[PDB]
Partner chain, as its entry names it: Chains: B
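One chain comes next, on its own, written as structure tokens: the form solved without the partner chain.
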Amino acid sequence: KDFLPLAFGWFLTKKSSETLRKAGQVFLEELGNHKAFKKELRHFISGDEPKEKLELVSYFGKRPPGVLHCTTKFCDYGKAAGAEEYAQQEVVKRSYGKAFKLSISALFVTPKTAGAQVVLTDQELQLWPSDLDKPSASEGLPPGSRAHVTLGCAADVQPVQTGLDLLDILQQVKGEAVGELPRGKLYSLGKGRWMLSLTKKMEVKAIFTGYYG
């Protein structure tokens, strides 16, 4: 009867969102201007572009419109599998509207998405769904490993891809760094995949709640 949200998740405060967003843009700018990235364009890009500078801020030309957020369960108002089952959980109802701190441990880039890796607490892990299509468990990774904040997408890429891209990146790391940015060391995982491991983890303030289209 009562339909569900479009999605549950942690929605960053405008201030925490602005901070993480600005940091993301700096990372794209710095990465795109880095020697290691420039010498590896052929694996990142597909065909016909000459070899001058690619501006990643232009490349990831689809950014989240509202405040940045870390999605837990996409529900589509109940049209998604497991939506009703996730929403009715006691812990989700308990946590609804409450404040959390999300720890960001890294920022990554692939030819499809740019994002930030979220490291969920044991408390927050209770709010992670257990029936996602391709869960960490069917892949030999800790549950909630795909938790993330999308910063940008390529033109024909849907934002769901960001989580998939992270899972793949976290399989590779299961190699010496090729560079050093002001906030951390840069890794090149091949196939246009790049990861910046922050020397000090970013902490953003967010509210666990439900979003409606």
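Positions refer to the first chain, counted from 1.
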{"property": "Deposited but uncoordinated residues in the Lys174/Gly175 interval", "result": "4 to 9"}
{"property": "Per the entry, higher mean C-alpha B factor between 194 to 202 and 12 to 20", "result": "194 to 202"}
{"property": "127 to 135 or 67 to 75, whichever carries the higher mean Cα B-factor", "result": "127 to 135"}
{"property": "Options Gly115, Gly82, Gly140, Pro111 - largest CA temperature factor per the record", "result": "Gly140"}
{"property": "CA B-factor ranking of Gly47, expressed as a third of its chain", "result": "highest"}
{"property": "Where the record places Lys39 (Cα B-factor, split into thirds across the chain)", "result": "highest"}
{"property": "Where the record places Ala154 (Cα B-factor, split into thirds across the chain)", "result": "lowest"}
{"property": "Chain-wide C-alpha B factor ranking for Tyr212, given as lowest, middle or highest third", "result": "lowest"}
{"property": "Cα B factor band for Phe27 (lowest, middle or highest third within the chain)", "result": "middle"}
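FYI, the form solved in complex with the partner chain isn't displayed, but the following is about it.
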| query | finding |
| --- | --- |
| Heavy atom of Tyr96 within 4.5 Å of the partner chain in the entry with it bound | yes |
| Proximity of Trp194 to the partner chain in the entry with it bound, heavy atoms at 4.5 Å | no |
| 4.5 Å heavy atom contact, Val67 and the partner chain in the entry with it bound | yes |
| is_contact(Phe100, the partner chain) in the entry with it bound, heavy atom dist at most 4.5 Å | yes |
| Contacts with the partner chain in the entry with it bound - residues in 196 to 213 whose heavy atoms fall within 4.5 Å | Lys205, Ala206, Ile207, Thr209, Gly210, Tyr211, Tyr212 |
